Every structure is written in C-alpha cells, then in structure tokens.
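Read through the structure below, which is laid out as structure tokens, and then see the notes.
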Protein chains: 2
Amino acid sequence: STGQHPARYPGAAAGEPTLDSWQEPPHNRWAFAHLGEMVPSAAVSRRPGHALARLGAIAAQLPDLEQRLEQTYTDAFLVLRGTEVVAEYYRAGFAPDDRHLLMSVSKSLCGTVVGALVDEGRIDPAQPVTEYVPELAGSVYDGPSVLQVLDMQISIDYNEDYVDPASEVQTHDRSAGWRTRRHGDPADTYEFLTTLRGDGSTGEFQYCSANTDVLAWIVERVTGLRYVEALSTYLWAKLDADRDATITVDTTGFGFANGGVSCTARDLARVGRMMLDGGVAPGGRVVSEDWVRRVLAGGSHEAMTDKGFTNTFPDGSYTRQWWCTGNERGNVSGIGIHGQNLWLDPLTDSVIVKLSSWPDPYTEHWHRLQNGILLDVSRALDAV
Amino acid sequence: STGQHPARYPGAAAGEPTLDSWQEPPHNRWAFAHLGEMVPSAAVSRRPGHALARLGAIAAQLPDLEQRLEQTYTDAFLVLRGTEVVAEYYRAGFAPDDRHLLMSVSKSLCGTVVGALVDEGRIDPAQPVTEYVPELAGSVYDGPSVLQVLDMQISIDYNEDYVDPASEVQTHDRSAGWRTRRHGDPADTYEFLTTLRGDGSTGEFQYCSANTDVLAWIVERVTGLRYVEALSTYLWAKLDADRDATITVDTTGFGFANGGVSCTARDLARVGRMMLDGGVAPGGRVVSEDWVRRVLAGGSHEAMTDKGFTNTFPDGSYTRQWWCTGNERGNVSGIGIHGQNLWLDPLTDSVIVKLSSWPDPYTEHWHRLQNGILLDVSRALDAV
C-alpha cells in the first residue's frame, strides 16, 4: 500500500473517481466541472499560420537568430530583461498565449514548491524521505534524505533504455498515463515509485525523474493538498500569470510533477523573474532568499559526473532541481527533453525561455546548438 | 473502413498520434502544444467555498428559488433577459467562469453547426446520409436522410440499458473514451457508428446519441475540418465568448459531438441569444432566419411518442437537435442528462441556462422539478 493521498474532491474515496465511475454520484458533481482530468479533451477556440518574430534589439547582434531558432525546432522563445519583454519568437501555428509542455523544466517548478515548504519550516531537507512518506520503506528511497532527492544524488537501478518496455523509464510513463498500460504495471505513480531499488549508495548525481515525483509525494503528505493544488497555492497563483498552467494527472489525480506541466512562455518567464527577485513574486514570497542563493551557488561539483553536461560546463553541478552551469556568467537553467529551457542570466537580470520540439529527446548535437543560442543571447544583453 | 477523416495536424497520418506515439516526431510538435488532447490533465490555477446567489428581481416572485436550485443539484444557473444577465446562481466550489459538462445540450450545438452548413448550401438535409458518408452504407444510416438524423426519426437497435456492457449505449461511451475499453470494442466512434443496425423504418422519434455523432461526421466530410475546429469556426468563435469551450475527443481526435462539450453558463447563454436574434451572433450570422424559425416551430408531433416528454408537454416535438415543448409559451430547449438545459423563452426574449449534477441521469421526478423551475422563472419574466 502507498498510504493516504489527497482526495480528488471533498469526501472522495481513495482513487475515486476512475474513468468508469465519474458519471456516478457523488463523483459526478466534481467530474462534470473537471472532465479534462478524466478524459482527453480539446479546446474549442473563442477566437476565429505565420511565424511571429519580434527579436527587438538583439537582432542586430544576432543576425541569424530566427534561422537558428528554426533549426532547433523552436516553438516559443522569449527574453525578459528585468521586467520587460525585449524579444519574442513564436513559430507558425503557435500563438503567443498558447501553452507548451515543459517536460523536465517541470522539475524546477516542483523543487520550488518544496522550497516554499522549507521556507515555512514544514519540510526539513536533512530528514529522511521516510519521515514524510513512511510507505517508501524498503525502497531505494529508504535511507536517503529529502535533500539527496532534491539534488538527485541517489543511486537507482533505473533503465533509461526507453524502447524496452521493461525499462523503468517507460514503465514510469505507463504508470502515469503517458503511455498505454501493460498487464502487471503498477496502478499509479506512487506504486511505481515503491518498486524502485538501488545499491544503497548516495552522493553521486544520477538524473532520474522518479526523484521529482517523490518530492511531489512528500509535498502532498506534508500539506494534505493534491500536488496540482499545491503547485498553484505555493507557486502559480503568486505569479500574476496570464493563464492557468496545466499538468497531466494519473488515474488517482496525481500530477506528473517530473514532466507534465504546460504553460505559456511569458508565464514561465515569471518563474525566472521570481528567482532573480530573491524568491519574491507579485503575490508574495515564494521561496526564501537563502533558497535562491543556494540554487545560484550550485551543487557539489564532485557529485556531477554527467559528461553530457560537464563536457560543455566543466564546473557544472545540480541542486534543488536546477542545472547549474558553473560558467563565468553563473548561468542556471531548468532543462527538459526536446529542447525546453528556463534559463537564468543573473548578470543582466534576464530570463530566457525557449520551448521547442526537437525530433529527439536528447543528442549532443541539439544541446550544443541550443546552448550556443542561449549563451549568445545572454551575451547580447551585456552592457557595451 | 470508415474512410477519410481530418488529420490531427497538417500532414498527420490517419489516426496519429496515439497515446503511444505522441512523443515521437513529427507528432510531438503538435502534441507538445496540445497535450490535454492525449492525456488527462488538470488546471493549475493562476488565482489564489460558498454559494453565490444573485437572483435579482425574480427573487421576489420566487422566494424559495435557491432552495429549489439546491434540491435539483444546481451547479450553475443564469438568466439572460435580452442582452442583460438578470439572475445568477453558482454552488459553493463552482466559480462563475468555471466550465461545466453540457451532456446532450452538446447536441443542440452540433445541430447548429449543421445548420450553418445548410445556410451555406454545403449540406442538403433532403440528401441521404450516404451522399456525405458513403462508408455508412450497410448500416442503419444507409437510406435515411440527413434531416431524419437531425430530427432523430430513425429506428435503431440501440440498447439503452447502460449497466449491460453489451448495450450500445455503454459501447458508445467505450468507443469514445468515456469508459475503459473492452476487448473487441470498435477502435473509435466512427467504427462504432457503422456497427449500428435497425429494421429500416423511419418517421418515429427515437432519441439516440449516435445520430448526433453521425451529424458531426457529415460536418467533417463536408468541411474537411476536425469537428473540434468546425464547432469553433461555425459557432463558438462567432459568439464573442469569454472562454474557449472544450470537448472530449476519442483516440482519433474526433470530438464527442453528442455529449462532450463543456463551457461556462454565461457563454452557453450566448448560443441562446443567437437563436433569439434570428441566427445572428456578434461575430456574424451563424444560421439562417429560416433555420431558427423551423426550430421554434417544432417537429412533427405524430413522430413524438416519448411519454417522458409528452406527459409534461402533450404537444411537444423534436427537430434539428432541439426539444420543442409546444407549450403556450413556445418554449424550446437543449437538454442533457443529470439536469442540463439551454432553455429558450422567446416571449420574454430570455435564455435560461441551468447546469446541474443530479445523482441520476434521468428520472420523472427530476424532470418534473427541473421543468417546474424553468417554467416558473420564465413566467416571472412576463410583464405585469
């Protein structure tokens, strides 16, 4: 058993409603107002085909920028300098206020919610995961601290060979509803997490999406809120965002914290703005000044042995669900597969959002090109 | 085979993407901007518990109205007199701008899209369904006219005993993704429709949700647009609505035209406003003056043998996806299970929206109470 989880609505039984029960009472009162949470759904537009390029001042310093954005399958691109949008690009067929999947940039949002609860004193990163989720006893998360989950310094047997249905990576997707279920699969994301094992060692960085969903589980046990609501209460609702975000949910209503958030490029930039404002957003403080400093400072360099990162960023590291380049600019970024970045450039008080759809989740090629763009744009913002 | 269907995106192969392919190129460029169409998803609110009752002037004439609304499981209630909102009610936990499932009120919206195409001369109601969807040859829809589908005057072997998985009604839900699939089930809604049979007789009203999905299929073959887009282009985008509507989609992206639309109460009232304005909306004409007159005039009374309707409305009928009461007021309504109405009161130039969640999809009890409320409110709007 995976223990108590936040009810889908006031008074709901565990796991209710399901796809087969949402039309029945008492579920239907909630379900009729939230059907997209149960059944795939399309927007019917209230508004009645060409790329929008407003690259502003940086266009002069980067003459080939639009082409470089096209080449890296850019869907939305936005540069926020201070409080001002100074450059924007949206591909044909993607509107400025359309939402885009964040993939693992979602992790940086989850870490922020954890940070908010640390600020309130409701989570102690030094405590073992099992202090908050006892049901993870007997798993690879039995022993490690919450901080080690935040920094992803837990050794886990987690096959990333996606094409293999036996792989943990595809099983994670199936347990969450991102792929069709196979017989014997865990019922939901919580159950999947409990199946995870490792040799017990910690201290070395291992990028693993399961870590973020454990963080979300901790958030739920501490607050009693569905992660969906916690993400709003502790972050999204304080941003003065233009639109709601969305997040995919599994069959229990648990948000796919590691990868399933979608939002507009402009709204994502508000998260970066908050980080560069010492943790404060328009609607109040989100995380502490100390939390932001720790993110900008980076994690242990010794722990970071991912050559896919360190070949480009030799002094790079990872902490609290953010990638830290350790470059001369101190750049830090949320990153997600297929070319998503929430990129922070503190030197120029700027945030760069790039949301993309590379054909491949990862290649060295794509990251070389993408990082070249983000660094070039960052440098273009320097005083001259 | 069910023939050609509108691609999910420009250049998409038939049936693509699926839940198992949306992360792969070229699908992912579309899917990353529309993930809710593939995977159940929740809103993450940009805004940081008590019923809202603003019953206005009619409160004096109906002292017990709020209680009567509570008793009929009212989620949203709105009265539009002319262009003015004169009364509103929303239950605790349902915001004025929250969207609500329309159930079969969705049918009246679909019929309106058909009417728009009749106005343009692209659909001839006198023509057989097979003129537009040849692949329905050999089915119960081989022979009947488009108008007979519009008026639901086709005899169909369609078991409405929902609890029986063998029933056409539950199979319809499963084929569309409203319920978990069973082995052997049709792949999608189109295929389900082709399995339908009947004795060949026509002319008598038989309420059947399959009819509306056939209308949507015709709309797609005539326009080349996904029904989702057609519903926007020919109706929703002309309403000057506050919010997009949504519609559930099956695995091919086909909108559940018969029952799957959700929208706000205020926006639904704009559809009624258009009907009482001779078919014209803020963004242009939607249907012809003649179409509206035919709806208000009613269908054949001889055809209407549903005692669940005629016991209350002896001179009632059905045409073009609207229920026509034939009462002294000439009331006409869209109706959906669990207490949804888009109710037109031409005498007072008013529209009443009531969106509810009765525990039961239908009982004589609920309809007696609900119709009592709609009639009382209508009469309260009369000049005195």
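Residues are referred to by chain and number: the chain letter is A, B, ... according to the order shown in the structure tokens, the number counts from 1 in that chain, and ligands are numbered separately from 1 in the order shown.
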
With only C-alpha atoms counted and 7 Å as the cut-off, give the residues of chain B in contact with chain A, each with its shortest interatomic distance in Å and the pair that gives it, as CSV.
```
residue,atom,partner,partner_atom,distance
B:19,CA,A:179,CA,5.4
B:20,CA,A:179,CA,5.1
B:24,CA,A:359,CA,6.9
B:25,CA,A:359,CA,5.0
B:26,CA,A:359,CA,6.9
B:28,CA,A:357,CA,6.4
B:29,CA,A:357,CA,5.3
B:32,CA,A:101,CA,5.0
B:33,CA,A:100,CA,4.6
B:36,CA,A:40,CA,5.7
B:37,CA,A:41,CA,4.6
B:38,CA,A:40,CA,5.4
B:39,CA,A:40,CA,5.5
B:40,CA,A:37,CA,4.7
B:41,CA,A:248,CA,3.9
B:42,CA,A:37,CA,5.2
B:43,CA,A:246,CA,4.5
B:44,CA,A:245,CA,4.8
B:45,CA,A:244,CA,4.9
B:46,CA,A:237,CA,4.3
B:47,CA,A:237,CA,4.9
B:48,CA,A:237,CA,5.0
B:99,CA,A:33,CA,6.0
B:100,CA,A:33,CA,4.6
B:101,CA,A:32,CA,5.0
B:177,CA,A:39,CA,6.8
B:178,CA,A:39,CA,6.4
B:179,CA,A:20,CA,5.1
B:180,CA,A:20,CA,6.3
B:228,CA,A:44,CA,6.0
B:229,CA,A:44,CA,6.7
B:231,CA,A:44,CA,6.9
B:232,CA,A:44,CA,5.4
B:233,CA,A:48,CA,6.3
B:236,CA,A:46,CA,5.6
B:237,CA,A:46,CA,4.3
B:240,CA,A:46,CA,6.8
B:241,CA,A:46,CA,5.8
B:243,CA,A:46,CA,6.3
B:244,CA,A:46,CA,4.8
B:245,CA,A:44,CA,4.8
B:246,CA,A:43,CA,4.5
B:247,CA,A:42,CA,5.4
B:248,CA,A:41,CA,3.9
B:249,CA,A:41,CA,5.3
B:357,CA,A:29,CA,5.3
B:359,CA,A:25,CA,5.0
```

File of the preceding selection, N, CA and C atoms, as a short mmCIF file (atom, residue, chain, number, x, y, z; two decimals), in the first residue's frame:
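Written out: part_6.cif:
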```
data_model
loop_
_atom_site.label_atom_id
_atom_site.label_comp_id
_atom_site.auth_asym_id
_atom_site.auth_seq_id
_atom_site.Cartn_x
_atom_site.Cartn_y
_atom_site.Cartn_z
N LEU B 19 -1.69 7.55 -27.98
CA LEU B 19 -1.09 7.70 -26.65
C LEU B 19 0.35 7.19 -26.65
N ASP B 20 0.66 6.28 -27.56
CA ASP B 20 1.98 5.66 -27.57
C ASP B 20 2.96 6.29 -28.56
N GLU B 24 6.90 11.09 -30.26
CA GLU B 24 7.77 10.89 -31.42
C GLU B 24 7.53 11.93 -32.51
N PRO B 25 8.55 12.20 -33.33
CA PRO B 25 8.41 13.17 -34.42
C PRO B 25 7.68 12.43 -35.54
N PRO B 26 6.91 13.15 -36.37
CA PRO B 26 6.66 14.59 -36.34
C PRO B 26 5.52 14.99 -35.41
N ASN B 28 5.22 15.17 -32.20
CA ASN B 28 5.46 15.87 -30.95
C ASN B 28 5.38 17.38 -31.05
N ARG B 29 5.60 17.93 -32.24
CA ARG B 29 5.49 19.37 -32.42
C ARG B 29 4.06 19.84 -32.16
N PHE B 32 3.03 18.59 -28.14
CA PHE B 32 3.58 19.38 -27.04
C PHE B 32 2.77 20.66 -26.79
N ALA B 33 1.99 21.08 -27.79
CA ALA B 33 1.18 22.28 -27.65
C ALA B 33 -0.28 21.95 -27.37
N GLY B 36 -3.33 17.96 -23.55
CA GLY B 36 -4.60 17.59 -22.93
C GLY B 36 -5.48 16.76 -23.84
N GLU B 37 -5.22 16.82 -25.14
CA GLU B 37 -5.95 16.02 -26.12
C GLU B 37 -5.52 14.56 -26.11
N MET B 38 -4.39 14.29 -25.46
CA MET B 38 -3.83 12.94 -25.44
C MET B 38 -3.87 12.33 -24.05
N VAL B 39 -3.65 13.16 -23.03
CA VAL B 39 -3.51 12.67 -21.66
C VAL B 39 -4.36 13.49 -20.69
N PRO B 40 -5.11 12.82 -19.80
CA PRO B 40 -5.94 13.55 -18.84
C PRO B 40 -5.09 14.57 -18.08
N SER B 41 -5.64 15.77 -17.90
CA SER B 41 -4.86 16.90 -17.40
C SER B 41 -5.70 17.80 -16.50
N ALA B 42 -5.04 18.41 -15.52
CA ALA B 42 -5.69 19.29 -14.56
C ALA B 42 -5.20 20.72 -14.71
N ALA B 43 -6.08 21.67 -14.40
CA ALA B 43 -5.71 23.08 -14.40
C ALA B 43 -4.93 23.41 -13.13
N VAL B 44 -3.88 24.21 -13.30
CA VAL B 44 -3.12 24.75 -12.18
C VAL B 44 -3.46 26.23 -12.09
N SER B 45 -4.22 26.60 -11.07
CA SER B 45 -4.91 27.89 -11.07
C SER B 45 -3.98 29.08 -10.90
N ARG B 46 -4.20 30.11 -11.71
CA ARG B 46 -3.47 31.37 -11.58
C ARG B 46 -4.06 32.25 -10.48
N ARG B 47 -5.24 31.86 -9.99
CA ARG B 47 -5.91 32.61 -8.94
C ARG B 47 -5.76 31.91 -7.59
N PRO B 48 -5.48 32.67 -6.52
CA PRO B 48 -5.34 32.05 -5.21
C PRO B 48 -6.62 31.32 -4.82
N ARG B 99 -16.10 26.03 -16.20
CA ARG B 99 -16.83 25.35 -17.27
C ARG B 99 -17.52 24.10 -16.73
N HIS B 100 -18.61 23.72 -17.37
CA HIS B 100 -19.44 22.61 -16.92
C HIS B 100 -19.82 21.75 -18.13
N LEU B 101 -19.76 20.44 -17.95
CA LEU B 101 -20.16 19.50 -18.98
C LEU B 101 -21.62 19.74 -19.40
N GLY B 177 -13.97 6.78 -25.45
CA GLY B 177 -13.02 7.05 -24.38
C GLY B 177 -13.64 7.58 -23.10
N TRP B 178 -14.97 7.55 -23.01
CA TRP B 178 -15.65 7.94 -21.78
C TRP B 178 -15.62 6.85 -20.72
N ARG B 179 -15.32 5.63 -21.16
CA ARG B 179 -15.20 4.47 -20.27
C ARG B 179 -14.03 3.62 -20.74
N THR B 180 -13.55 2.74 -19.87
CA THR B 180 -12.45 1.84 -20.22
C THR B 180 -12.86 0.89 -21.34
N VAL B 228 -13.93 19.37 -33.84
CA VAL B 228 -13.45 20.35 -32.86
C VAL B 228 -13.28 21.73 -33.49
N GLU B 229 -12.65 21.78 -34.66
CA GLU B 229 -12.42 23.06 -35.32
C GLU B 229 -13.70 23.60 -35.95
N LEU B 231 -16.71 23.22 -34.89
CA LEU B 231 -17.55 23.76 -33.83
C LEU B 231 -17.11 25.17 -33.46
N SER B 232 -15.81 25.43 -33.53
CA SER B 232 -15.28 26.77 -33.31
C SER B 232 -15.61 27.69 -34.48
N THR B 233 -15.26 27.25 -35.68
CA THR B 233 -15.36 28.10 -36.86
C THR B 233 -16.80 28.51 -37.17
N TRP B 236 -18.59 28.68 -32.17
CA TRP B 236 -18.05 29.23 -30.93
C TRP B 236 -17.30 30.55 -31.13
N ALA B 237 -16.53 30.63 -32.21
CA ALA B 237 -15.69 31.79 -32.47
C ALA B 237 -16.49 33.02 -32.89
N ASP B 240 -18.40 35.79 -29.42
CA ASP B 240 -17.69 36.68 -28.51
C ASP B 240 -17.76 36.11 -27.09
N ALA B 241 -17.40 34.84 -26.98
CA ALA B 241 -17.43 34.13 -25.70
C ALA B 241 -16.29 34.59 -24.79
N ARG B 243 -14.67 32.51 -22.66
CA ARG B 243 -13.68 31.44 -22.64
C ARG B 243 -13.87 30.50 -23.82
N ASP B 244 -12.80 29.80 -24.19
CA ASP B 244 -12.94 28.65 -25.07
C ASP B 244 -13.95 27.70 -24.44
N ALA B 245 -14.62 26.90 -25.26
CA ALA B 245 -15.27 25.70 -24.77
C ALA B 245 -14.25 24.58 -24.83
N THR B 246 -14.61 23.42 -24.30
CA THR B 246 -13.81 22.22 -24.51
C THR B 246 -14.72 21.10 -24.98
N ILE B 247 -14.13 20.09 -25.60
CA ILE B 247 -14.89 18.91 -25.97
C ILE B 247 -14.00 17.68 -25.83
N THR B 248 -14.53 16.61 -25.26
CA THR B 248 -13.73 15.39 -25.16
C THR B 248 -13.52 14.85 -26.57
N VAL B 249 -12.39 14.18 -26.77
CA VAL B 249 -12.07 13.60 -28.06
C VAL B 249 -11.72 12.13 -27.90
N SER B 357 -25.96 18.53 -11.62
CA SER B 357 -25.41 17.19 -11.48
C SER B 357 -26.33 16.33 -10.61
N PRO B 359 -28.05 13.08 -9.16
CA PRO B 359 -27.37 11.80 -8.95
C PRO B 359 -27.71 10.83 -10.08
#
```

Neighbours of residue A:161 within 12 Å (only C-alpha atoms; same-chain residues fewer than 6 positions away dropped), as a CSV table (one decimal) with N, CA and C atoms, in the first residue's frame?
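Output file part.csv follows:
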```
chain,number,residue,atom,x,y,z
A,167,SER,N,12.0,-1.4,-19.2
A,167,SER,CA,12.7,-0.3,-18.7
A,167,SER,C,11.9,0.5,-17.7
A,168,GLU,N,12.6,1.0,-16.6
A,168,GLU,CA,11.9,1.8,-15.6
A,168,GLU,C,11.4,3.1,-16.3
A,169,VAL,N,12.1,3.6,-17.3
A,169,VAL,CA,11.7,4.9,-17.8
A,169,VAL,C,10.3,4.8,-18.6
A,170,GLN,N,10.1,3.7,-19.3
A,170,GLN,CA,8.8,3.6,-20.0
A,170,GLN,C,7.8,3.1,-19.0
A,171,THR,N,8.1,2.3,-18.0
A,171,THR,CA,7.2,1.9,-17.0
A,171,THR,C,6.7,3.1,-16.2
```

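Closest to residue B:135 among B:2, B:209, B:122, B:187 is B:2, based on only C-alpha atoms.
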
Apply DSSP to the structure's backbone, then extract all residues of stretch 72-150 of chain B labelled alpha helix (DSSP H) and return them as a PyMOL selection string. chain B and resi 105-119+146-150

What does the file look like for those residues with N, CA, C and O atoms, as a CSV table (one decimal), in the first residue's frame?
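And here's result-v9.csv as it stands now:
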```
chain,number,residue,atom,x,y,z
B,105,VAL,N,-27.0,18.7,-24.2
B,105,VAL,CA,-27.1,20.1,-24.7
B,105,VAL,C,-26.1,20.2,-25.8
B,105,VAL,O,-26.3,21.1,-26.7
B,106,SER,N,-25.0,19.5,-25.8
B,106,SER,CA,-24.0,19.5,-26.8
B,106,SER,C,-24.6,19.2,-28.2
B,106,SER,O,-24.2,19.7,-29.2
B,107,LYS,N,-25.7,18.4,-28.2
B,107,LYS,CA,-26.3,18.0,-29.5
B,107,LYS,C,-26.9,19.3,-30.2
B,107,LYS,O,-26.8,19.4,-31.4
B,108,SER,N,-27.4,20.2,-29.4
B,108,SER,CA,-28.0,21.4,-30.0
B,108,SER,C,-27.0,22.3,-30.6
B,108,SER,O,-27.2,23.0,-31.6
B,109,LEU,N,-25.8,22.3,-30.1
B,109,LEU,CA,-24.6,23.0,-30.7
B,109,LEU,C,-24.2,22.3,-32.0
B,109,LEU,O,-23.9,23.0,-33.0
B,110,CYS,N,-24.2,21.0,-32.0
B,110,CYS,CA,-23.9,20.2,-33.2
B,110,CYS,C,-24.9,20.5,-34.3
B,110,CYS,O,-24.5,20.8,-35.5
B,111,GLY,N,-26.2,20.5,-34.0
B,111,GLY,CA,-27.2,20.8,-34.9
B,111,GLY,C,-27.0,22.2,-35.5
B,111,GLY,O,-27.3,22.4,-36.7
B,112,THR,N,-26.5,23.1,-34.7
B,112,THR,CA,-26.3,24.5,-35.1
B,112,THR,C,-25.2,24.6,-36.2
B,112,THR,O,-25.3,25.3,-37.1
B,113,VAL,N,-24.1,23.8,-36.0
B,113,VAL,CA,-23.1,23.7,-37.0
B,113,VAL,C,-23.6,23.1,-38.3
B,113,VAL,O,-23.2,23.6,-39.3
B,114,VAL,N,-24.4,22.1,-38.2
B,114,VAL,CA,-25.1,21.6,-39.4
B,114,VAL,C,-25.9,22.7,-40.1
B,114,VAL,O,-25.8,22.9,-41.3
B,115,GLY,N,-26.7,23.4,-39.3
B,115,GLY,CA,-27.5,24.5,-39.8
B,115,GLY,C,-26.7,25.5,-40.5
B,115,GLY,O,-27.1,26.1,-41.5
B,116,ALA,N,-25.5,25.8,-40.0
B,116,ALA,CA,-24.6,26.8,-40.6
B,116,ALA,C,-24.2,26.3,-42.0
B,116,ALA,O,-24.2,27.1,-43.0
B,117,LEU,N,-23.9,25.1,-42.2
B,117,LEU,CA,-23.5,24.5,-43.4
B,117,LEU,C,-24.7,24.4,-44.4
B,117,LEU,O,-24.5,24.4,-45.6
B,118,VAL,N,-25.9,24.2,-43.9
B,118,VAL,CA,-27.1,24.2,-44.7
B,118,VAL,C,-27.3,25.7,-45.2
B,118,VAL,O,-27.6,25.8,-46.4
B,119,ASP,N,-27.0,26.7,-44.4
B,119,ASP,CA,-27.2,28.1,-44.8
B,119,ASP,C,-26.2,28.4,-45.9
B,119,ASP,O,-26.5,29.2,-46.8
B,146,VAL,N,-30.4,13.2,-44.1
B,146,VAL,CA,-29.7,14.0,-43.1
B,146,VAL,C,-30.8,14.6,-42.2
B,146,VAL,O,-30.5,14.7,-40.9
B,147,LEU,N,-31.9,15.0,-42.7
B,147,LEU,CA,-32.9,15.6,-41.9
B,147,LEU,C,-33.5,14.6,-40.9
B,147,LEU,O,-33.8,15.0,-39.7
B,148,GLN,N,-33.6,13.4,-41.3
B,148,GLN,CA,-34.1,12.3,-40.4
B,148,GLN,C,-33.1,12.1,-39.2
B,148,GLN,O,-33.5,11.7,-38.1
B,149,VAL,N,-31.8,12.3,-39.5
B,149,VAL,CA,-30.8,12.2,-38.4
B,149,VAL,C,-31.0,13.4,-37.5
B,149,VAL,O,-31.0,13.3,-36.3
B,150,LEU,N,-31.1,14.6,-38.1
B,150,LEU,CA,-31.3,15.9,-37.4
B,150,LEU,C,-32.6,15.8,-36.5
B,150,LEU,O,-32.5,16.3,-35.3
```

Can you tell me which residues surround residue B:348 at a distance of at most 9 Å, considering only C-alpha atoms, apart from same-chain residues fewer than 6 positions away, and format the answer as an NGL selection string? :B and (81-82 or 378-379 or 381-383)

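Residues in contact range of residue B:172, defined as at most 8 Å between only C-alpha atoms, with sequence neighbours fewer than 6 positions away removed, read residues 189, 192 and 210 of chain B.
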
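Here atom CA of residue B:314 and atom CA of residue B:104 stand 21.9 Å from one another.
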
Can you list, as a ChimeraX atom specification, every protein, DNA or RNA residue that comes within 7 Å of residue A:351 when you count only C-alpha atoms, leaving out same-chain residues fewer than 6 positions away? /A:79-81,269,272-273,343-345

Using DSSP assignments from the backbone, pull out every residue in stretch 31-133 of chain B that falls under strand (DSSP E) and give it to me as a list in words. residues 41, 42, 43, 44, 52, 53, 54, 74, 75, 76, 77, 78, 79, 80, 81, 84, 85, 86, 87, 88, 89, 90, 100 and 101 of chain B

Writer output for current selection, N, CA, C and O atoms, as a compact mmCIF listing (two decimals), in the first residue's frame:
```
# COMPACT_ATOMS: atom_id res chain seq x y z
N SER B 41 -5.64 15.77 -17.90
CA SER B 41 -4.86 16.90 -17.40
C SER B 41 -5.70 17.80 -16.50
O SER B 41 -6.91 17.94 -16.69
N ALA B 42 -5.04 18.41 -15.52
CA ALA B 42 -5.69 19.29 -14.56
C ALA B 42 -5.20 20.72 -14.71
O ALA B 42 -4.05 20.96 -15.07
N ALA B 43 -6.08 21.67 -14.40
CA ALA B 43 -5.71 23.08 -14.40
C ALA B 43 -4.93 23.41 -13.13
O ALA B 43 -5.27 22.96 -12.03
N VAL B 44 -3.88 24.21 -13.30
CA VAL B 44 -3.12 24.75 -12.18
C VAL B 44 -3.46 26.23 -12.09
O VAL B 44 -3.04 27.03 -12.93
N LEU B 52 -22.80 31.38 -4.56
CA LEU B 52 -23.09 32.74 -4.99
C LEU B 52 -24.51 32.82 -5.50
O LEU B 52 -24.86 32.18 -6.50
N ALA B 53 -25.34 33.61 -4.83
CA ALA B 53 -26.74 33.77 -5.22
C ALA B 53 -27.04 35.23 -5.53
O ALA B 53 -27.08 36.08 -4.64
N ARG B 54 -27.26 35.52 -6.81
CA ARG B 54 -27.66 36.85 -7.24
C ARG B 54 -28.91 36.73 -8.10
O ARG B 54 -28.87 36.92 -9.31
N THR B 74 -28.14 22.01 -8.57
CA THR B 74 -27.73 23.06 -9.49
C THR B 74 -26.28 23.46 -9.24
O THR B 74 -25.89 23.78 -8.12
N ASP B 75 -25.49 23.44 -10.31
CA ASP B 75 -24.10 23.88 -10.23
C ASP B 75 -23.98 25.31 -10.73
O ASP B 75 -23.31 26.14 -10.11
N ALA B 76 -24.64 25.60 -11.85
CA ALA B 76 -24.66 26.95 -12.40
C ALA B 76 -26.03 27.25 -12.99
O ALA B 76 -26.65 26.40 -13.62
N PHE B 77 -26.50 28.48 -12.76
CA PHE B 77 -27.81 28.91 -13.22
C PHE B 77 -27.71 30.37 -13.63
O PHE B 77 -27.17 31.19 -12.89
N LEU B 78 -28.22 30.70 -14.81
CA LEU B 78 -28.12 32.06 -15.30
C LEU B 78 -29.30 32.42 -16.19
O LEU B 78 -29.71 31.63 -17.04
N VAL B 79 -29.86 33.60 -15.95
CA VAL B 79 -30.98 34.09 -16.74
C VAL B 79 -30.54 35.33 -17.52
O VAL B 79 -30.12 36.33 -16.94
N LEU B 80 -30.64 35.24 -18.84
CA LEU B 80 -30.30 36.35 -19.72
C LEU B 80 -31.60 36.89 -20.31
O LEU B 80 -32.27 36.20 -21.07
N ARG B 81 -31.95 38.12 -19.94
CA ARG B 81 -33.12 38.78 -20.50
C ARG B 81 -32.66 39.82 -21.50
O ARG B 81 -32.03 40.81 -21.12
N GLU B 84 -29.04 41.32 -21.13
CA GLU B 84 -28.68 41.56 -19.74
C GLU B 84 -28.79 40.31 -18.87
O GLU B 84 -29.80 39.61 -18.91
N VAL B 85 -27.76 40.04 -18.09
CA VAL B 85 -27.83 38.99 -17.08
C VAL B 85 -28.63 39.50 -15.89
O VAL B 85 -28.20 40.41 -15.19
N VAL B 86 -29.81 38.92 -15.67
CA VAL B 86 -30.72 39.42 -14.64
C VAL B 86 -30.78 38.53 -13.40
O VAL B 86 -31.36 38.92 -12.38
N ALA B 87 -30.20 37.34 -13.48
CA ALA B 87 -30.13 36.45 -12.33
C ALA B 87 -29.04 35.40 -12.53
O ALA B 87 -28.87 34.88 -13.63
N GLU B 88 -28.31 35.11 -11.45
CA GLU B 88 -27.24 34.12 -11.47
C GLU B 88 -27.18 33.35 -10.16
O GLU B 88 -27.46 33.90 -9.10
N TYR B 89 -26.80 32.09 -10.25
CA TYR B 89 -26.50 31.29 -9.07
C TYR B 89 -25.41 30.27 -9.38
O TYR B 89 -25.45 29.60 -10.41
N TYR B 90 -24.44 30.17 -8.48
CA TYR B 90 -23.39 29.16 -8.59
C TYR B 90 -23.19 28.50 -7.23
O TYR B 90 -23.11 29.19 -6.21
N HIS B 100 -18.61 23.72 -17.37
CA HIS B 100 -19.44 22.61 -16.92
C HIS B 100 -19.82 21.75 -18.13
O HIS B 100 -20.15 22.28 -19.19
N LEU B 101 -19.76 20.44 -17.95
CA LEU B 101 -20.16 19.50 -18.98
C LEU B 101 -21.62 19.74 -19.40
O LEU B 101 -22.50 19.93 -18.55
```

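Going from atom CA of residue B:335 to atom CA of residue B:309 covers 11.3 Å.
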
For a quick check of understanding, using only C-alpha atoms, which of A:329, A:8, A:342, A:270 has the smallest distance to residue A:376? A:329

Residues within 12 Å of residue A:291, only C-alpha atoms, excluding chain neighbours under 2 positions, as a ChimeraX atom specification: /A:111-120,125,274-280,285-289,293-298,319-322

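Shortest separation to residue B:199 among B:265, B:60, B:218, B:154 occurs at residue B:154, atoms counted being only C-alpha atoms.
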
Tell me which protein, DNA and RNA residues are within 8 Å of residue A:157, counting only C-alpha atoms, leaving out same-chain ones fewer than 6 positions away, and put them as a ChimeraX atom specification. /A:196-199
